[PDB]
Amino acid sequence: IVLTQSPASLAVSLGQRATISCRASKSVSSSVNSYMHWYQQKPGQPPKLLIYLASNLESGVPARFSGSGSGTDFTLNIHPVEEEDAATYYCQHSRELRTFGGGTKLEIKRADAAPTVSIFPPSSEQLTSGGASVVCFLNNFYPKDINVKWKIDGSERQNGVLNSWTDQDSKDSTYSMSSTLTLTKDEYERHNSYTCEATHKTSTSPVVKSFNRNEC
């Protein structure tokens, strides 16, 4: 069997309706039950069963979660969505070959928020080992889309840049990003201006944090 979950991603305003669809290649309805499960999964956790047999709430699951459908076509509805509902959702055929759908990442929308940007020079202990990383945190921003560029004395560098983004926060609905420029000690010490530049919706021009190595 093939289970096709759509959309793969959606954003919904706090207190509004989230509608997630799951279509099976064949009917999963017996003469009594429709064998469709819906799960919620948060980062670092096993999946949580929300809906069993298409339309039933597992014990303790809030009323805002609702499932419907029969045969090949199923729908998970969440209304009104809460901040904590920021998660990935899965449908699954709950018998036979127990096929999972591909998942749907739900974003809870919030007001725009500019990133709080902080830059950090290499630590004295990293330098002792002959390496040099410059770190930039871009924290608690919204929306998710963000672009970061590193410049060394005005010359953009991409090699040796490592980027990581958090999942949407479950409580304040923001995103955060970390960008680490790794260089050798010798290159670090050959240049002065080190600049983290961020392009985000909240600003028409790059958000810039900088330090000069010989001012340290």
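All residue numbers are counted from 1 along the displayed sequence.
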| item | value |
| --- | --- |
| Stretch exceeding the other in mean C-alpha B-factor - 108-116, 127-135 | 127-135 |
| 59-67 versus 185-193 - greater average Cα B-factor per the deposited record | 185-193 |
| Third of chain Cα B-factors occupied by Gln41 | lowest |
| Record-listed C-alpha B factor of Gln168: chain third | lowest |
| Chain-relative CA temperature factor third for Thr19 | lowest |
| Lowest, middle or highest third - CA B-factor, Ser31 | highest |
| Chain-wide C-alpha B factor ranking for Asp145, given as lowest, middle or highest third | middle |
